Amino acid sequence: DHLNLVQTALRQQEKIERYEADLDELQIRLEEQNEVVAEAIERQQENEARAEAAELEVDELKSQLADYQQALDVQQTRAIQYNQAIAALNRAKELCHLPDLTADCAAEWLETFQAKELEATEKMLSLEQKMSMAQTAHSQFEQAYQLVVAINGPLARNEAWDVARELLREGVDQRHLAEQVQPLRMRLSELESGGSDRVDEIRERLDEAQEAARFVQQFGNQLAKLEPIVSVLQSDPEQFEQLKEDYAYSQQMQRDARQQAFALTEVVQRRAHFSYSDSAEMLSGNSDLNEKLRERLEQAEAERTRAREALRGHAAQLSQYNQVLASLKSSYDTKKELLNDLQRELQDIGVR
């Protein structure tokens, strides 16, 4: 006496009535939970809008900073070329004594100094032959003058020419009567025995020769070192100095002209760079703005981070609220299925 199918059939009807009630209970639970989700859905769109507005401002500033930086690095290039142009102008203002010099007129000042350059070389070359051999004429005028002082003694340099010639004349005739000592001894030795009083004429002309031979010995060498370099003593030695004085002047002019013309050439070559005053005058200012823009960017990226973190923080809170709603669905889905199955099973068995 088991398996009373009549109890089963009515117990199955009982379960059906519970599932119908459970489903009507979950229905309210679903709508109440959907209100919670829908509310968070909206707060998520508010966070999405904050995020996109931060993401876009960051991009705008990154592009602004990209363009402004590239242009700035070019301005720096011109600022440097400018100060180099000013430097050149300054150097030319000192070498060339032109305190109010400008780049516009430096073209004509150049050719004014280029001419000053070649006139210092074409006049300097004209005084080329005289100079080199003026050093020799001066070295020989001294070698000679000192030879004369060695023989004659102290005297003025304008008196050396006349003296020098005389000394050579004496040396000439002193050598002629110095080379008589032997012809005279011949006559004396062949007439020493006895005496006709001629011995007095010869013994005296012989002593005249002995003293002249001593003269040749004392001065013969210096007069030899003096014969080739006599003519120079005619010359005025203060013209050698006057000549080398003017050489030095014409050398200094070329030394100054070569460099002056060179400094002006620099200014001309940099003529265009003088119009970069704008770039240099506002380099530090624009660099300050560039760093305030880079600062501005870093602020936005911080606001973008604070936006991506808040958007994520609430997304998780939305996900949790969605987890419970998904559960209610998984239950309603399966319970409505169980209600359909057991419904049809009652219909098929037939026992009521």
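Numbering starts at 1 and follows the sequence shown.
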(message) Please compare 246-254 with 122-130 and say which has the higher mean C-alpha temperature factor in the record.
(response) 122-130
(request) Check the entry's C-alpha temperature factors for 224-232 and 187-195, then say which stretch has the higher mean. (result) 187-195
(request) Have a look at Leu89, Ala164, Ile202, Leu72 and flag the one whose Cα has the highest B-factor in the entry. (result) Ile202
(request) Could you check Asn152, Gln140, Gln81, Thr265 and tell me which one carries the biggest Cα B-factor in the deposited entry? (result) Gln140
(request) Determine, from the deposited record, the chain-internal third of the Cα B-factor for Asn158: lowest, middle or highest. (result) highest
(request) Would you please rank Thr77 by its C-alpha temperature factor against the other modelled residues of its chain and give the third it falls in: lowest, middle or highest? (result) lowest
(message) Using the temperature factors of the C-alpha atoms in this entry, rank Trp109 within its chain: lowest, middle or highest third.
(response) highest
(message) Quick check on the deposited entry: does the C-alpha B-factor of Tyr145 sit in the lowest, middle or highest third of its chain?
(response) lowest
(request) Taking the chain's C-alpha temperature factors as the reference, tell me which third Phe240 falls into: lowest, middle or highest. (result) highest
